[PDB]
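Below you'll find only one chain, the form solved without this ligand, shown as structure tokens.
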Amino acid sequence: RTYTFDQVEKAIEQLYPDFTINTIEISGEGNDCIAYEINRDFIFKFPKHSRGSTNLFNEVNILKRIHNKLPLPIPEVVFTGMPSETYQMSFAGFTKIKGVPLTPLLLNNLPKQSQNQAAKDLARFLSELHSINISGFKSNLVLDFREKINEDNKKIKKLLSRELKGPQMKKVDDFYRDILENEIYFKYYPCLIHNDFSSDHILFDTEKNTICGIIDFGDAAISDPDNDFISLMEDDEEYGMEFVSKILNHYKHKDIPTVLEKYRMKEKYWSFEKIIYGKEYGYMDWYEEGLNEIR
């Protein structure tokens, strides 16, 4: 809705004048981009704001670098936009991967053997992704988790200055101090990770009952490989502990209690993310719910 169909076709036509568009529909809308399915062959993503453009730029760079390196299909970059005064990447066009998200509901209705195969495939995908040589990547890809925590810490202090009573704010102070005193969160061997690895981005072929793709690499970065497991593990929104445990074991993870400890911290931490990105991403539905559960 940030764009009309006419605007979308016009933008594409400027850079690809010999590309005939026969059909165009809206396939999805996230926080960052609107997705258009073109000719039932391509997914074109258009940024809704500067930040979404940065995300799209990153996805293009990452997908090109890991093309043909992974055991599951991933999108291939076919079309790229240009810088505008607004954005660094006005659009990008990827090959469409057919399939539906492996929702927790879909997963749990599968025969047990198909669930086991899904766990094995996800584990193999992650093992291979996390083993990709990262020497050629630029430094800005490496996440500085401690700096991210330090920065969030200030923003939470200001935002909640007049929202939290004394004892409430003290427990917030305790939480951040405890996190920053615990090296388990920062002392890890970084690798390339998906960084948004969850059911909505795992595509499934209900005819063969197997995973047929991984999509949406806009958050990909060099970071803690355990993050790709904790993003799967929420018992409400995502897969269960039992299913993720199958993945961890097929992956041959040697320190599952560390993963769980990171999981528990991240789950507490999500409330603060909603405060900070409720007021930064101007989304007011986020701010309140985070603030509520801090209370």
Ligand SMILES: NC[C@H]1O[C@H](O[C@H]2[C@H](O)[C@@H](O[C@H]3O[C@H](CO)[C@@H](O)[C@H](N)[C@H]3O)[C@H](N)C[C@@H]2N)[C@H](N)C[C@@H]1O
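Take the two forms, superpose them, and find the largest set of C-alpha atoms that agree within 1.5 Å; that set is the rigid core. The first residue of the shown sequence is 1; numbering continues from there.
Remark: stretch with higher mean C-alpha B factor among 181 to 189 and 149 to 157 is 149 to 157. Look at the C-alpha B-factors of 236 to 244 and of 36 to 44. On average they run higher in 236 to 244. Between the residues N61, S27, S50, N227, the entry's highest C-alpha temperature factor is the one at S50. For the set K96, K138, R124, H194, the maximum C-alpha B-factor listed in the entry falls on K138. Among all modelled residues in its chain, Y263 ranks in the middle third by Cα B-factor. Annotation for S231: C-alpha temperature factor in the lowest third relative to the rest of the modelled chain, per the entry. Compared with the other modelled residues of the chain, the Cα B-factor recorded for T86 ranks in the highest third. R162: CA B factor in the highest third of modelled residues in this chain (values from the PDB entry). Per the PDB record, residue ranking by Cα B-factor puts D144 in the highest third of the chain.
There is also a form deposited with this ligand bound; it is not shown, and the following applies to it.
The pocket of the unliganded chain is judged open, since this ligand, transferred from its pose in the entry with it bound by superposition of the C-alphas around the site, places no atom within 2.4 angstroms of any backbone or C-beta atom. Of the candidate stretches 192 to 200, 170 to 178, 152 to 160, 128 to 136, only 192 to 200 has residues whose heavy atoms lie within 4.5 Å of this ligand in the entry with it bound. With respect to this ligand in the entry with it bound, the three residues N31, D219 and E237 uniformly fall within 4.5 angstroms at the level of their nearest heavy atom. Among residues of the shown chain, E273 is one whose heavy atoms approach this ligand to within 4.5 Å in the entry with it bound. Contact check for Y277: a heavy atom falls within 4.5 Å of this ligand in the entry with it bound. Contact annotation for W286: at least one heavy atom lies within 4.5 Å of this ligand in the entry with it bound.
Residue showing a CA shift of 2 Å or more between the shown form and the other one (rigid core superposed; candidates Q117, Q168, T95, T80): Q168.
The two forms, fitted on the rigid core, differ between the shown form and the other one by less than 2 Å at the CA of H201.
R177: CA moves less than 2 Å between the shown form and the other one after rigid-core fitting. After superposing the rigid core, the Cα of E9 is displaced by less than 2 Å between the shown form and the other one.
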